[PDB]
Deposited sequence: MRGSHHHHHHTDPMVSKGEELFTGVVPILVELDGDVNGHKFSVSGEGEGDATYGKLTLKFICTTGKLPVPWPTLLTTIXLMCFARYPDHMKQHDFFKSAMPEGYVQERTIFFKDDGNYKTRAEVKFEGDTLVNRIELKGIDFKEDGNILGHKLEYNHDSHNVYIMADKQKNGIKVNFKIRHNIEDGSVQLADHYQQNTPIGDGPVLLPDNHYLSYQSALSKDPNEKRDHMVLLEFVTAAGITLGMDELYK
């Protein structure tokens, strides 16, 4: 018996992910599994495209396929909406706009199913260019660090999250992916509505040398941080 959602995260927690996607009419499914440890801010995951070849590059789906595993420092624990919503979970919705290309729209439920944290997702991608960086597979197999900005959404009893991912293209250029995100509790009980803050993300993408299916091995590190007010030198 636990009083607060955060109590469910003192140790290692198994994770399952299941994603059904449809990008420019190309349908696919991805199944993932691994574990997360919020005391360390770590998630380790392996994803398989169970339907065959993935029609888009793995890094484009990375953000879509569990912010509840963030390490929030002691002095910020009152701002952890994600764990507070557990075990009932939250809905996580995004639109992702790839600059000069198509967009993904996603809806996910992240909740406990028995002892396991499960992220179930639907994704629809439309308006992609056949010879663009996404359908043309021109992205590098990496995903650089990014700080994602979170503000409370009082009326929805949830949060809004905006950030812009800079995907690396093989020719040295960047493909921008503007993310607009919202999270709302599934349950009706009180959740923590956070002051504005960041989650700092890192991602490391690899391959399993014994795996012949289309797949991605993913390690994430995520830690919460506060904000500093930037000042132009003029004002210092």
Where the deposited sequence has no C-alpha coordinates (positions from 1, in order): 1-13, 79
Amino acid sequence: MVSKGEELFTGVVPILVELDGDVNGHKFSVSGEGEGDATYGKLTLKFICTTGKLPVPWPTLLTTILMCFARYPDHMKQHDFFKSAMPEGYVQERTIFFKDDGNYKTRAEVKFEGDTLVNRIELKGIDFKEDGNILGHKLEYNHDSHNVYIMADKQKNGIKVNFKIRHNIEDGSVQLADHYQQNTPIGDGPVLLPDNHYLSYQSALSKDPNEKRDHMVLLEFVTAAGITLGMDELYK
From here on, numbers count along this sequence of modelled residues.
Average Cα temperature factor in the PDB entry - higher stretch of 49-57, 188-196: 188-196
Comparing 156-164 with 138-146, the one whose average Cα B-factor in the PDB entry is higher: 156-164
Out of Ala177, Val174, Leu62, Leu66, highest CA B-factor residue: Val174
CA B-factor placement of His26, once the chain's modelled residues are sorted into thirds: highest
Modelled-residue ranking by C-alpha temperature factor, third containing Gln92: middle
Entry-reported Cα temperature factor of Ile126, expressed as the chain third it lands in: highest
Third of chain Cα B-factors occupied by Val118: lowest
Assigned third (lowest, middle, highest) for the C-alpha B factor of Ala224: middle
